[PDB]
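Asker: Here you go, one structure.
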Amino acid sequence: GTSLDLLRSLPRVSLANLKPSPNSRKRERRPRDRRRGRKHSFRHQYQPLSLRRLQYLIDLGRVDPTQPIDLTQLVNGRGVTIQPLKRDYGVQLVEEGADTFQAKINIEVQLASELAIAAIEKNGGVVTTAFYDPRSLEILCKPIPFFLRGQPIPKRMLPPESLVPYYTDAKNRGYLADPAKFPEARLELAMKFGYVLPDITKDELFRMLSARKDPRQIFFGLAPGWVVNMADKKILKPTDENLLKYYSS
Amino acid sequence: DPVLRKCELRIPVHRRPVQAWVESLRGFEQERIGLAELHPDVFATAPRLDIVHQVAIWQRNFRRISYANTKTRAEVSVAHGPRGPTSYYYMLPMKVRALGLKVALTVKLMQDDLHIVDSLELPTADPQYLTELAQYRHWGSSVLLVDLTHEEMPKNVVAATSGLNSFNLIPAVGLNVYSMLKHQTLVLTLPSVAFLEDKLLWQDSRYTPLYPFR
Amino acid sequence: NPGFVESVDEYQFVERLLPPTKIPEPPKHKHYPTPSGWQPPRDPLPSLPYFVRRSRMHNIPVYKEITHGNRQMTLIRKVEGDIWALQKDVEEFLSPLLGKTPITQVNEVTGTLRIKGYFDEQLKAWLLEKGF
Amino acid sequence: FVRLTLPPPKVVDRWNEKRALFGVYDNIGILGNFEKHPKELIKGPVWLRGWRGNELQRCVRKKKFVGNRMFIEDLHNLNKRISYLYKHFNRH
Amino acid sequence: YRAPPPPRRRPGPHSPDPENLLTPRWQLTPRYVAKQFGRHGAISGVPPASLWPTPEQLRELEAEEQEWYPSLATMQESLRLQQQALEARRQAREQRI
């Protein structure tokens with residue numbers, strides 16, 4: 001960098017020496033002289049995520065592979081942009097990267113593609129779908145603010161009757177799906193591609209991957225109706241019997 | 001016993017570290033007592049003076065408020081007169097402002113106008129000694145003294161600087177481009193440089209804030 | 001009678017939810033290139049007069065750009081060292097493929113190079129050959 | 001016609017405390033961990049601290065901020081001025 | 001000269017005086033009190049029990065739950081009825097054509 005050698009020789013700069021960059025400011029016309037003289041809402045706005053991006057996120061180590069994929073973690077990793085003002089209601093998956101994304105991990109997405117589900121399951125990953133209320137999901141993305149408000153964790157909502165069939169569908173692998181069909185369903189997906197189905201139970205971390213929260217439960221770690229001692233870095237659980245009845249209600 | 005400092009953050013391998021002479025104010029001849037390393041990405045940035053020019057204009061004009069007003073003919077119980085209080089406040093991107101500050105540090109260092117010191121502590125509080133020391137070390141007519149935090153700044157230095165118009169004592173958080181240009185030479189304590197480096201270095205990998213920093 | 005019970009054991013979940021503030025450096029991989037296709041800068045780095053640093057996201061600083069709605073362009077940003085040497089090599093590399101000396105604009109102040117047309121793939125591959 | 005007398009000599013000190021300390025803490029946000037935004041350091045009319053708008057916007061914001069504390073004469077004058085301003089900008 | 005001390009925001013909970021007329025109403029609402037608890041937790045001193053709904057609030061909350069939020073069994077019944085209606089419509093279309 002010979003430019004630095006120029007700087008050392010040159011004299012000390014002063015305030016007056018400052019000069020605007022070339023073409024930074026355009027000229028203007030003034031009237032002093034003759035120059036200027038004379039003269040859809042119902043449909044959920046699902047937000048997609050590319051598997052190639054998922055491979056990019058996984059390959060770059062942006063999201064910990066050991067931890068199961070969590071939408072909140074993706075928000076913490078700035079993977080996708082969700083705006084409550086946009087009234088985003090859903091999150092979905094993408095079939096892109098089907099041939100360049102060879103990895104297995106547990107994940108939960110509001111919406112999943114049938115083709116993508118088998119491919120990740122073929123690698124050995126676990127995919128499920130859960131329903132988050134758009135208002136509740138906004139709280140999920142930003143848990144700290146409601147702690148500042150002092151609000152307690154509410155019970156997770158359930159889908160409207162329009163979307164119940166999708167979540168209840170076994171092939172969709174929703175939390176409302178019948179677990180009894182899953183062993184049969186997984187074989188059918190394996191048969192469709194024809195790949196040898198790897199049993200999840202064989203995995204050493206099977207329990208960690210298969211862990212799922214209650215439908216009422218917003219958070220894997222935290223049960224609904226809980227409170228957090230943010231000041232003391234602790235978790236507070238209600239001890240009132242009526243509160244338990246309220247949660248049951 | 002030389003005082004040897006190394007950059008806490010990882011310097012790029014392709015960039016060699018920057019170095020400068022550590023000084024002390026305890027004695028007149030205590031010019032050199034140690035050697036310190038400075039991050040090239042902070043103290044060896046490109047000389048982009050237009051950013052510094054842009055920052056200076058923002059600094060002067062973001063506080064500008066004009067209160068001039070006049071009554072037009074309809075408001076009489078001026079064809080083009082001032083119309084009420086007007087403000088010129090605007091915000092430059094904070095990355096550019098951080099970038100501009102980085103450029104300023106290089107200019108002072110490359111121009112031999114920046115003097116790195118271990119601490120500001122002085123044997124005496126006399127303002128004369130500070131002026132006397134500056135003359136011996138060929139410092140500029142205007143010298144800026146910066147400390148890590150306002151609360152802990154030594155009393156002796158405060159008294160010397162308080163009585164000197166051209167020698168101004170400011171905390172680390174109070175540093176700005178305008179003062180550096182206004183003052184011929186800059187005196188920085190070693191802790192201040194590390195504090196400045198952390199914030200300036202932290203500017204990298206700037207996750208767009210999803211919530212207020214507070 | 002307090003209505004709450006406080007426990008320190010279960011706070012691990014809360015710690016997990018905390019958001020990170022710094023981009024993590026790429027993890028070491030047993031085999032390169034990574035299955036996605038990303039490969040870190042080749043080691044040892046080239047000893048050329050000009051060094052090209054990667055972007056904050058550890059990606060090659062090449063961006064496809066179009067201006068005026070008709071002029072396709074590609075820009076290199078993180079140019080370090082002798083820009084003239086890089087221009088000569090870039091001109092030499094692109095002259096055969098384009099069929100003539102490329103039309104380029106050099107902004108030395110910003111340390112950036114402007115080239116008409118879209119040639120990121122060839123340049124990106126060529127940069128990998130250099131070891132950047 | 002022009003003055004026949006000399007103006008008083010004036011000398012201005014550029015290193016006075018006001019000029020010397022001008023601009024200090026302008027980097028409070030970046031250097032203060034962003035606890036205080038630099039906009040918080042703006043001193044001026046309440047309705048335009050950290051905010052900018054055209055003449056019509058400034059007057060309207062002024063009315064809302066201090067409308068309850070404004071004089072009847074001032075409020076009446078402001079309404080009349082606003083009406084003229086509204087017609088000019090929104091129709092011409 | 002020596003620069004003045006840097007300006008600092010006052011930390012810790014601040015309790016507005018309820019009697020004062022000037023203090024805005026929204027700063028005296030329970031939501032403000034709940035906000036104080038979140039910022040400083042125990043330092044705020046807000047009773048944790050107050051945070052949960054009161055028994056009168058509890059009764060009100062259940063009313064909306066039944067009124068506005070049906071249970072899974074109710075939807076399952078609605079699906080069965082709608083499926084039966086759809087099946088009848090399909091049969092009517094087939095026989096008609």
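Convention: chains lettered A, B, ... in structure tokens order; per-chain residue numbering from 1; ligands numbered from 1 as shown.
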Among range 42-106 of chain C, which ones does DSSP assign to strand (DSSP E) (computed from the backbone)? Answer as an MDAnalysis selection string.
Answerer: chainID C and resid 50:52 62:67 71:76 79:81 104:106
Asker: Could you write those residues out with N, CA and C atoms, as a PDB file, in the first residue's frame?
Answerer:
```
ATOM      1  N   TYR C  50      -1.876  -8.729  -4.550  1.00  0.00           N
ATOM      2  CA  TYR C  50      -3.231  -8.366  -4.159  1.00  0.00           C
ATOM      3  C   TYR C  50      -3.882  -9.532  -3.429  1.00  0.00           C
ATOM      4  N   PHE C  51      -4.514  -9.239  -2.295  1.00  0.00           N
ATOM      5  CA  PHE C  51      -5.251 -10.228  -1.519  1.00  0.00           C
ATOM      6  C   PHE C  51      -6.733  -9.886  -1.536  1.00  0.00           C
ATOM      7  N   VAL C  52      -7.568 -10.898  -1.751  1.00  0.00           N
ATOM      8  CA  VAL C  52      -9.017 -10.750  -1.727  1.00  0.00           C
ATOM      9  C   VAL C  52      -9.524 -11.395  -0.443  1.00  0.00           C
ATOM     10  N   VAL C  62     -18.280 -11.190  -4.485  1.00  0.00           N
ATOM     11  CA  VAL C  62     -18.689 -10.969  -5.867  1.00  0.00           C
ATOM     12  C   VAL C  62     -20.205 -10.847  -5.898  1.00  0.00           C
ATOM     13  N   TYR C  63     -20.700  -9.762  -6.490  1.00  0.00           N
ATOM     14  CA  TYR C  63     -22.128  -9.479  -6.550  1.00  0.00           C
ATOM     15  C   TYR C  63     -22.517  -9.148  -7.981  1.00  0.00           C
ATOM     16  N   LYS C  64     -23.557  -9.810  -8.479  1.00  0.00           N
ATOM     17  CA  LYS C  64     -24.116  -9.473  -9.779  1.00  0.00           C
ATOM     18  C   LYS C  64     -25.001  -8.240  -9.641  1.00  0.00           C
ATOM     19  N   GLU C  65     -24.814  -7.272 -10.535  1.00  0.00           N
ATOM     20  CA  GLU C  65     -25.542  -6.014 -10.471  1.00  0.00           C
ATOM     21  C   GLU C  65     -25.998  -5.608 -11.863  1.00  0.00           C
ATOM     22  N   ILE C  66     -27.177  -4.995 -11.932  1.00  0.00           N
ATOM     23  CA  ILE C  66     -27.710  -4.429 -13.165  1.00  0.00           C
ATOM     24  C   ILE C  66     -28.093  -2.982 -12.893  1.00  0.00           C
ATOM     25  N   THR C  67     -27.689  -2.082 -13.787  1.00  0.00           N
ATOM     26  CA  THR C  67     -28.000  -0.667 -13.667  1.00  0.00           C
ATOM     27  C   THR C  67     -28.611  -0.167 -14.967  1.00  0.00           C
ATOM     28  N   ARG C  71     -27.781  -2.634 -18.361  1.00  0.00           N
ATOM     29  CA  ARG C  71     -26.350  -2.878 -18.222  1.00  0.00           C
ATOM     30  C   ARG C  71     -26.128  -3.885 -17.101  1.00  0.00           C
ATOM     31  N   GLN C  72     -25.753  -5.107 -17.470  1.00  0.00           N
ATOM     32  CA  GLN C  72     -25.385  -6.118 -16.490  1.00  0.00           C
ATOM     33  C   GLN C  72     -23.965  -5.871 -15.999  1.00  0.00           C
ATOM     34  N   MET C  73     -23.755  -6.048 -14.696  1.00  0.00           N
ATOM     35  CA  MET C  73     -22.465  -5.758 -14.089  1.00  0.00           C
ATOM     36  C   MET C  73     -22.166  -6.765 -12.989  1.00  0.00           C
ATOM     37  N   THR C  74     -20.873  -6.920 -12.706  1.00  0.00           N
ATOM     38  CA  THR C  74     -20.386  -7.705 -11.581  1.00  0.00           C
ATOM     39  C   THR C  74     -19.315  -6.900 -10.860  1.00  0.00           C
ATOM     40  N   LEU C  75     -19.384  -6.884  -9.531  1.00  0.00           N
ATOM     41  CA  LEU C  75     -18.528  -6.037  -8.714  1.00  0.00           C
ATOM     42  C   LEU C  75     -17.749  -6.871  -7.708  1.00  0.00           C
ATOM     43  N   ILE C  76     -16.464  -6.552  -7.566  1.00  0.00           N
ATOM     44  CA  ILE C  76     -15.605  -7.111  -6.528  1.00  0.00           C
ATOM     45  C   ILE C  76     -15.311  -6.001  -5.530  1.00  0.00           C
ATOM     46  N   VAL C  79     -10.992  -5.876  -2.230  1.00  0.00           N
ATOM     47  CA  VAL C  79      -9.727  -5.920  -2.955  1.00  0.00           C
ATOM     48  C   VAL C  79      -8.664  -5.276  -2.077  1.00  0.00           C
ATOM     49  N   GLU C  80      -7.606  -6.026  -1.779  1.00  0.00           N
ATOM     50  CA  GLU C  80      -6.519  -5.555  -0.934  1.00  0.00           C
ATOM     51  C   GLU C  80      -5.197  -5.753  -1.658  1.00  0.00           C
ATOM     52  N   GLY C  81      -4.273  -4.817  -1.453  1.00  0.00           N
ATOM     53  CA  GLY C  81      -2.978  -4.874  -2.103  1.00  0.00           C
ATOM     54  C   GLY C  81      -2.916  -4.019  -3.351  1.00  0.00           C
ATOM     55  N   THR C 104     -14.102  -2.379 -18.283  1.00  0.00           N
ATOM     56  CA  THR C 104     -14.167  -2.317 -16.832  1.00  0.00           C
ATOM     57  C   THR C 104     -13.941  -0.886 -16.366  1.00  0.00           C
ATOM     58  N   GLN C 105     -14.465  -0.590 -15.180  1.00  0.00           N
ATOM     59  CA  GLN C 105     -14.261   0.688 -14.511  1.00  0.00           C
ATOM     60  C   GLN C 105     -13.682   0.417 -13.130  1.00  0.00           C
ATOM     61  N   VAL C 106     -12.612   1.128 -12.788  1.00  0.00           N
ATOM     62  CA  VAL C 106     -11.881   0.913 -11.546  1.00  0.00           C
ATOM     63  C   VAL C 106     -12.154   2.090 -10.622  1.00  0.00           C
TER      64      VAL C 106
END
```
Asker: As an MDAnalysis selection string, which residues of range 25-124 of chain B does DSSP assign to helix (DSSP H, G or I)?
Answerer: chainID B and resid 40:43 49:62 73:75 94:110
Asker: Show me, as a VMD selection string, every residue of chain C with an atom at most 12 Å from chain A, counting only C-alpha atoms.
Answerer: chain C and resid 1 to 40 49 to 51 57 to 59 79 to 84 108 to 109 111
Asker: Would you export the selected residues with C-alpha atoms as an mmCIF file, in the first residue's frame, please?
Answerer:
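Done, and the output landed in part-v3.cif:
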```
data_model
loop_
_atom_site.group_PDB
_atom_site.id
_atom_site.type_symbol
_atom_site.label_atom_id
_atom_site.label_comp_id
_atom_site.auth_asym_id
_atom_site.auth_seq_id
_atom_site.Cartn_x
_atom_site.Cartn_y
_atom_site.Cartn_z
ATOM 1 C CA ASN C 1 -48.817 -18.896 51.222
ATOM 2 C CA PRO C 2 -46.818 -18.113 48.066
ATOM 3 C CA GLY C 3 -48.498 -19.061 44.804
ATOM 4 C CA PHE C 4 -45.185 -19.743 43.037
ATOM 5 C CA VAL C 5 -42.364 -22.276 43.323
ATOM 6 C CA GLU C 6 -38.873 -21.259 42.188
ATOM 7 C CA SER C 7 -36.381 -23.748 40.747
ATOM 8 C CA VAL C 8 -32.911 -23.226 39.277
ATOM 9 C CA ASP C 9 -32.690 -26.652 37.612
ATOM 10 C CA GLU C 10 -35.012 -25.914 34.678
ATOM 11 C CA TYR C 11 -33.442 -22.596 33.625
ATOM 12 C CA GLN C 12 -31.306 -24.442 31.052
ATOM 13 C CA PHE C 13 -34.183 -24.160 28.573
ATOM 14 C CA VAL C 14 -34.359 -20.387 29.067
ATOM 15 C CA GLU C 15 -30.619 -20.095 28.429
ATOM 16 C CA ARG C 16 -31.041 -22.018 25.172
ATOM 17 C CA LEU C 17 -33.673 -19.562 23.924
ATOM 18 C CA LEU C 18 -31.288 -16.618 24.315
ATOM 19 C CA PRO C 19 -30.387 -15.111 20.916
ATOM 20 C CA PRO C 20 -26.783 -14.875 19.691
ATOM 21 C CA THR C 21 -25.111 -11.617 18.712
ATOM 22 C CA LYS C 22 -22.059 -12.740 16.682
ATOM 23 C CA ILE C 23 -21.889 -14.682 13.414
ATOM 24 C CA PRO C 24 -20.292 -18.063 14.234
ATOM 25 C CA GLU C 25 -17.155 -18.965 12.333
ATOM 26 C CA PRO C 26 -17.567 -21.913 9.938
ATOM 27 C CA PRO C 27 -17.031 -25.276 11.650
ATOM 28 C CA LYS C 28 -14.124 -27.491 10.690
ATOM 29 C CA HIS C 29 -15.192 -30.204 8.243
ATOM 30 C CA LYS C 30 -13.429 -33.519 7.694
ATOM 31 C CA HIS C 31 -13.790 -33.344 3.897
ATOM 32 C CA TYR C 32 -13.887 -30.278 1.649
ATOM 33 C CA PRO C 33 -15.794 -29.055 -0.298
ATOM 34 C CA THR C 34 -18.782 -29.126 2.041
ATOM 35 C CA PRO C 35 -21.829 -31.067 0.766
ATOM 36 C CA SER C 36 -23.542 -27.750 0.010
ATOM 37 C CA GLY C 37 -20.417 -26.762 -1.938
ATOM 38 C CA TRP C 38 -18.834 -24.104 0.283
ATOM 39 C CA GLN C 39 -15.061 -24.379 0.650
ATOM 40 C CA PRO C 40 -12.975 -22.109 2.919
ATOM 41 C CA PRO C 49 0.565 -8.624 -4.516
ATOM 42 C CA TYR C 50 -3.231 -8.366 -4.159
ATOM 43 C CA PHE C 51 -5.251 -10.228 -1.519
ATOM 44 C CA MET C 57 -20.472 -14.228 5.958
ATOM 45 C CA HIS C 58 -17.271 -15.940 4.734
ATOM 46 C CA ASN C 59 -18.403 -15.742 1.104
ATOM 47 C CA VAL C 79 -9.727 -5.920 -2.955
ATOM 48 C CA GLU C 80 -6.519 -5.555 -0.934
ATOM 49 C CA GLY C 81 -2.978 -4.874 -2.103
ATOM 50 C CA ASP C 82 -2.059 -3.754 -5.620
ATOM 51 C CA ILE C 83 -5.358 -3.229 -7.436
ATOM 52 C CA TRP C 84 -3.532 -2.697 -10.733
ATOM 53 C CA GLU C 108 -9.515 2.887 -6.630
ATOM 54 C CA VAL C 109 -10.848 5.031 -3.774
ATOM 55 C CA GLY C 111 -11.099 -0.513 -3.811
#
```
Asker: I'd like the contact shell of residue 105 in chain B - 10 Å cut-off, only C-alpha atoms, skipping same-chain residues fewer than 2 positions apart - returned as a VMD selection string.
Answerer: chain B and resid 42 to 45 100 to 103 107 to 111 113 to 114 177 180 186
Asker: Give me a file of those residues, with N, CA and C atoms, as a PDB file, in the first residue's frame.
Answerer:
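What follows is the written file result-v5.pdb:
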```
ATOM      1  N   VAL B  42      -8.353  -1.727  12.346  1.00  0.00           N
ATOM      2  CA  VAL B  42      -8.764  -0.483  12.980  1.00  0.00           C
ATOM      3  C   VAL B  42      -7.771   0.637  12.693  1.00  0.00           C
ATOM      4  N   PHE B  43      -6.482   0.376  12.903  1.00  0.00           N
ATOM      5  CA  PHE B  43      -5.442   1.384  12.759  1.00  0.00           C
ATOM      6  C   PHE B  43      -4.731   1.332  11.413  1.00  0.00           C
ATOM      7  N   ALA B  44      -5.145   0.449  10.506  1.00  0.00           N
ATOM      8  CA  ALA B  44      -4.560   0.360   9.173  1.00  0.00           C
ATOM      9  C   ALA B  44      -5.651   0.251   8.118  1.00  0.00           C
ATOM     10  N   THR B  45      -6.760   0.952   8.333  1.00  0.00           N
ATOM     11  CA  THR B  45      -7.838   0.997   7.359  1.00  0.00           C
ATOM     12  C   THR B  45      -7.463   1.910   6.193  1.00  0.00           C
ATOM     13  N   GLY B 100     -15.985   5.861   9.750  1.00  0.00           N
ATOM     14  CA  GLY B 100     -15.329   7.157   9.736  1.00  0.00           C
ATOM     15  C   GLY B 100     -14.384   7.343  10.908  1.00  0.00           C
ATOM     16  N   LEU B 101     -14.802   6.903  12.097  1.00  0.00           N
ATOM     17  CA  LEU B 101     -13.935   7.010  13.266  1.00  0.00           C
ATOM     18  C   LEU B 101     -12.668   6.185  13.083  1.00  0.00           C
ATOM     19  N   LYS B 102     -12.794   4.997  12.487  1.00  0.00           N
ATOM     20  CA  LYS B 102     -11.618   4.171  12.236  1.00  0.00           C
ATOM     21  C   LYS B 102     -10.629   4.889  11.328  1.00  0.00           C
ATOM     22  N   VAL B 103     -11.125   5.534  10.270  1.00  0.00           N
ATOM     23  CA  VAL B 103     -10.241   6.245   9.351  1.00  0.00           C
ATOM     24  C   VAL B 103      -9.504   7.360  10.081  1.00  0.00           C
ATOM     25  N   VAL B 107      -5.321   8.256  10.380  1.00  0.00           N
ATOM     26  CA  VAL B 107      -4.718   9.511   9.936  1.00  0.00           C
ATOM     27  C   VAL B 107      -3.839  10.092  11.037  1.00  0.00           C
ATOM     28  N   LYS B 108      -4.347  10.109  12.269  1.00  0.00           N
ATOM     29  CA  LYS B 108      -3.562  10.645  13.376  1.00  0.00           C
ATOM     30  C   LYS B 108      -2.317   9.802  13.620  1.00  0.00           C
ATOM     31  N   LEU B 109      -2.456   8.477  13.564  1.00  0.00           N
ATOM     32  CA  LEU B 109      -1.306   7.604  13.770  1.00  0.00           C
ATOM     33  C   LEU B 109      -0.299   7.747  12.635  1.00  0.00           C
ATOM     34  N   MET B 110      -0.775   7.706  11.389  1.00  0.00           N
ATOM     35  CA  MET B 110       0.131   7.823  10.252  1.00  0.00           C
ATOM     36  C   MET B 110       0.795   9.192  10.211  1.00  0.00           C
ATOM     37  N   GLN B 111       0.125  10.217  10.728  1.00  0.00           N
ATOM     38  CA  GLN B 111       0.660  11.571  10.748  1.00  0.00           C
ATOM     39  C   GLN B 111       1.474  11.863  12.001  1.00  0.00           C
ATOM     40  N   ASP B 113       0.505  12.184  14.990  1.00  0.00           N
ATOM     41  CA  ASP B 113      -0.224  13.093  15.861  1.00  0.00           C
ATOM     42  C   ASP B 113      -0.902  12.381  17.023  1.00  0.00           C
ATOM     43  N   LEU B 114      -0.878  11.052  17.046  1.00  0.00           N
ATOM     44  CA  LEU B 114      -1.497  10.269  18.105  1.00  0.00           C
ATOM     45  C   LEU B 114      -0.412   9.762  19.045  1.00  0.00           C
ATOM     46  N   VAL B 177     -15.109  12.675  16.086  1.00  0.00           N
ATOM     47  CA  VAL B 177     -14.251  13.053  14.967  1.00  0.00           C
ATOM     48  C   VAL B 177     -13.886  14.529  15.044  1.00  0.00           C
ATOM     49  N   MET B 180     -11.035  15.414  17.413  1.00  0.00           N
ATOM     50  CA  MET B 180      -9.752  14.909  16.933  1.00  0.00           C
ATOM     51  C   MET B 180      -9.181  15.812  15.848  1.00  0.00           C
ATOM     52  N   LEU B 186      -3.440  13.857  19.556  1.00  0.00           N
ATOM     53  CA  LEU B 186      -4.346  13.097  20.406  1.00  0.00           C
ATOM     54  C   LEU B 186      -3.544  12.244  21.379  1.00  0.00           C
TER      55      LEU B 186
END
```
Asker: Taking only C-alpha atoms into account and nothing else, which residues of chain E lie no more than 7 Å away from chain B? Please answer as number ranges by chain.
Answerer: E: 1-3, 5
Asker: Go ahead and write the selection's residues with N, CA and C atoms as a tab-separated table (two decimals), in the first residue's frame.
Answerer:
```tsv
chain	number	residue	atom	x	y	z
E	1	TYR	N	-10.06	23.02	29.15
E	1	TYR	CA	-11.23	22.71	29.97
E	1	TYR	C	-11.39	21.20	30.13
E	2	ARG	N	-12.17	20.80	31.13
E	2	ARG	CA	-12.48	19.39	31.37
E	2	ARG	C	-13.94	19.13	31.01
E	3	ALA	N	-14.17	18.06	30.25
E	3	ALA	CA	-15.51	17.78	29.77
E	3	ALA	C	-16.45	17.44	30.93
E	5	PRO	N	-19.45	15.49	33.11
E	5	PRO	CA	-19.71	14.05	33.26
E	5	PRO	C	-20.68	13.57	32.20
```
Asker: For CA of residue 4 in chain A and CA of residue 37 in chain B, quote the distance in Å rounded to one decimal.
Answerer: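 One can read the CA of residue 4 in chain A to CA of residue 37 in chain B distance as 18.1 Å.
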Asker: Report as a list in words all protein, DNA and RNA residues lying within 12 Å of residue 53 in chain D, evaluated on only C-alpha atoms, omitting residues in the same chain fewer than 5 positions from it.
Answerer: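 Neighbouring residues, sequence-local ones excluded: residues 85, 86, 87, 88, 89 and 90 of chain B; 47, 48, 58, 59, 60, 61 and 62 of chain D.
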